[PDB]
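Structure 1 and structure 2, given next as structure tokens, are two forms of the same protein chain, each shown alone.
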Structure 1
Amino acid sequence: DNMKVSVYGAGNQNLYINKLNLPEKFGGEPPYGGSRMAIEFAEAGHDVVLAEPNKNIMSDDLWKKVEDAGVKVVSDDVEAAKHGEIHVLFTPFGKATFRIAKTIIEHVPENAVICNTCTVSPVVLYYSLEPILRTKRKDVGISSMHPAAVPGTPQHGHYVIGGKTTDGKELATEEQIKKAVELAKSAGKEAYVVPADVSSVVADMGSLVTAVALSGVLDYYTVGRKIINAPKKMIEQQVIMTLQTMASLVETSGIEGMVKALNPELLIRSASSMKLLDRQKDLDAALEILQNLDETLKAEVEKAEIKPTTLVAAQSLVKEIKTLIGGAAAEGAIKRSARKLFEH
């Protein structure tokens, strides 16, 4: 099989080459990112169009690598939309990504699948398109194609594909997901389907936060259960509270407001009493980081406002709202509030 593929966004080569210095710290050669995905798809035998309105995003020498792979470059998103069975958004954060999705949705061929990469959760992308998806384009699927690294670097060995959500919702058909998986595999990459509501947390840049937070949770779980012999329910409740409270404070007050609310000084004193083993290098690392915060950050923390934040049991609250106003209205509330934070 070979497919018609559309990739949207060449990727910021100045970022990859000069900011991240990928060629020398990670490996490979430019171009990286979206234009590299297109190259790899074309070398896999696919019929590839790359949509990039900004010709200045890379030198002619790098554009040439793209053209030699057999990628057809267009400046018009709509032309790319009519071309592909599968559409890969390597698009700039924010309005650009949502704008491009909304631009192409009424032009993509029957049964097309639209996949986000780094820039947005597929559930959020789905929500932003839901009024069209539920009416005029019930054929179109939403998935994702998250690289494990920057495409073009040696470290990129797989894709995470957003599949059926943990609560059983299908954003794309099984056939559309299998086409996404086969597009990944055809490039010599591993391809893993992950529930779409979880996928961006394990593959986006914030996976940094996921890994470090998870390491603290497992540290506390181990120490709690094996040293302290704390009840498992107690440990889990405190974990939920910590993560939920931090999430909510960032949502209302930003990073600096959340730090102001938790108070690192206090936190360091308190967490110090949880040093039961020297095997806890995560706690060791955290304590030194919190004691040496960048100086401009601390100034902005003092200036920050802690906004009204409500303590909740989030999944329990979802169930409660369903019992009060019904499944349909509850889902409407969940969708509107998700779009307000993650889309605008």
Structure 2
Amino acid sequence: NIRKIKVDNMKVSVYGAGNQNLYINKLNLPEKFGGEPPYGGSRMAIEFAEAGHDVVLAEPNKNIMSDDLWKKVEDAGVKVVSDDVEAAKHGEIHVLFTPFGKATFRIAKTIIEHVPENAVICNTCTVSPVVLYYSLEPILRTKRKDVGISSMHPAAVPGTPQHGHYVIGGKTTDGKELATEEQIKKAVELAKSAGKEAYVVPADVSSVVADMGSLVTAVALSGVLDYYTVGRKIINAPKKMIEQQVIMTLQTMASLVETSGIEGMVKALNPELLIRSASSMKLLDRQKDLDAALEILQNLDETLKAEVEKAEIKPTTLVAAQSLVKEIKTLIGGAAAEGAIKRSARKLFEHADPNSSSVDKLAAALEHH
């Protein structure tokens, strides 16, 4: 353990101290969840320095944290810098605890130019590893073939008792390696050296189980498993029938949200009807997920009916996504198909809109002359 850490002790660079006002004031984590500030990136840095690593924390904004919190960071042995280039030249592992949007991609492009050989660039919850890879792909493929992309996603707020793990993005479900095994193993080593359980998951799936949306994934998964058990044990429906129903429902809901938002999706799937319909699926003594859902739909039903009749169901073409991917790959086949897929994959995983806001364009024009 300690003897092993000495052999594998490495240089680590964390980018982004974490928005402490968000953690302490808006979320009130010390009272709601536990622990003590700082939280986030600066906390990950403290934990890695506490584990014996040479940690550099790159934060350009000194006012994001009070001076007392900064001392906690400095007292841990973390070297704070304001220049990303200084931190890029340092680590062999770079954790992006950076803001949603342009900032994460801008910093990733700045560091890939100065990272040491075989370094790995790790995302957190503000970006998907797939989208991070797509943005650095031209450099990764030609200039830096040695650089790897993975995750060091806390899937929790570092500094809270809930943070006892890390999600590390591995080979994708489409069989694509964004990083070498050695680089992924080094990410696992870093995680475990800070007393955190290391979870290596397909990179494309990491966001789905690590981000705030994991709430929807957990709930929906329990519904799928409840239905799967009822379907096979009580209904004795064939597995392919149960699978067809699961895909049909989950895919319809995603696509309605995609075109018409949550409100429009609720307008298409009537909660009142769903309560009545799903009630004939109460076939077991304990279906706590179904009972909880029906009461939630029932309680929210009166309030929902108001805004949903204001909502609009925008044109939706409900299709089975993988089946449609397979068809374009045979109808079109090649590079044209690759582009249409990469763009649809990016639309699914992009956390922030890549295009500049109307104000940004107007502000730039105001300062033009």
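Here, residue number means position along structure 1's sequence, counting from 1. Think of the rigid core as the biggest set of C-alphas that the two forms share within 1.5 Å after superposition.
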>> Of the candidates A80, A196, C118, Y127, which marks the hinge of the rigid-body movement between the two structures?
In response: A196
> For this two-part rigid motion, what is the smaller part's turn angle between the two structures, in degrees?
Replying inline: 13
>> When the rigid core is overlaid, by how much has the CA of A330 moved between the two structures, in Å to one decimal?
In response: 2.5
>> Using a rigid core fit, what is the CA shift at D294 between the two structures, in angstrom?
In response: 11.3
> If you line up the core, how far does the Cα of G94 move between the two structures, in Å?
Replying inline: 0.4
